[PDB]
Amino acid sequence: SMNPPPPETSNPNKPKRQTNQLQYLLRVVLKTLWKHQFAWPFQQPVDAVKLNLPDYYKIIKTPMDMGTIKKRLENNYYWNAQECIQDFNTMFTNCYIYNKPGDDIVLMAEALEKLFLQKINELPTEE
Ligand SMILES: COc1cc(C(=O)NC2CCN(C)CC2)ccc1Nc1ncc2c(n1)N(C1CCCC1)CC(F)(F)C(=O)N2C
């Protein structure tokens, strides 16, 4: 089976704004997660072909990854911080859905999610 095209990261027809919360999501949240020792499987779309997972895109219909999230942030693709937060949650929950409790990849996602939740708890108030 083929991989799907990666999620869209740019759309010239979308309105754009910068907010202190979206700036925080890029400068603090994404940066903190990216450098984590368990980040690397989440830094690009799942390549189901390379990984020989023919059923991955049969099961996961809303793929997401931190490479995509970062590009969306850099491109001012998001209008609301909540959109970006949803994309992180989609990434984590896709991992839990496809895989099984206790799997190494799940433990990796769990560590990132812990850190994510800590940083989102420190999200500054909308200015
Ligand atoms: C360079 O990339 C990899 C390389 C190798 C790699 O090189 N593995 C080697 C390990 C040692 N043997 C000897 C050869 C292959 C393994 C995994 C990689 N990448 C990856 N990215 C993302 C996911 C994932 N993997 N998952 C893992 C679970 C276990 C097998 C895929 C399952 C998943 F479903 F796709 C998933 O949810 N995510 C989040």
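Read the numbers this way: they start at 1 and go in the same order the structure lists the ligands and their atoms. These values consider heavy atoms only, across backbone and side chains, with no hydrogens, waters or symmetry-generated copies. Residue numbers count from 1 along this sequence.
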Nearest protein heavy atom under 4.0 Å from atom 39 (C) of ligand 1, yes or no: yes

Donor-acceptor pair, side chain of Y57 and main chain of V46, under 3.5 angstrom: yes

Cation-pi geometry met for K14 and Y77 (6.0 Å, 45°): yes

Identify the protein heavy atom lying closest to [atom], giving its residue, its atom name and the separation to 0.1 Å.
atom	value
atom 32 (C) of ligand 1	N99 OD1, 3.8 Å
atom 23 (C) of ligand 1	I105 CD1, 3.9 Å
atom 2 (O) of ligand 1	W40 CZ3, 3.6 Å

Can you name the atoms of ligand 1, numbered from 1 with element, that are less than 4.0 Å from a heavy atom of [X]?
X	result
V46	22 (C), 35 (F), 38 (N)
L53	34 (F), 35 (F)
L51	3 (C), 17 (C), 18 (C), 19 (N), 20 (C), 25 (N), 35 (F)

Side-chain touch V49/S1, heavy atoms, less than 4.5 angstrom: no

For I69, the option from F88, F42, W34 that meets side chain to side chain contact (heavy atoms under 4.5 Å, CB included): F88

Qualifying residue, where the test is side chain to side chain contact (heavy atoms under 4.5 Å, CB included) with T32 and the options are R27, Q118, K119: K119

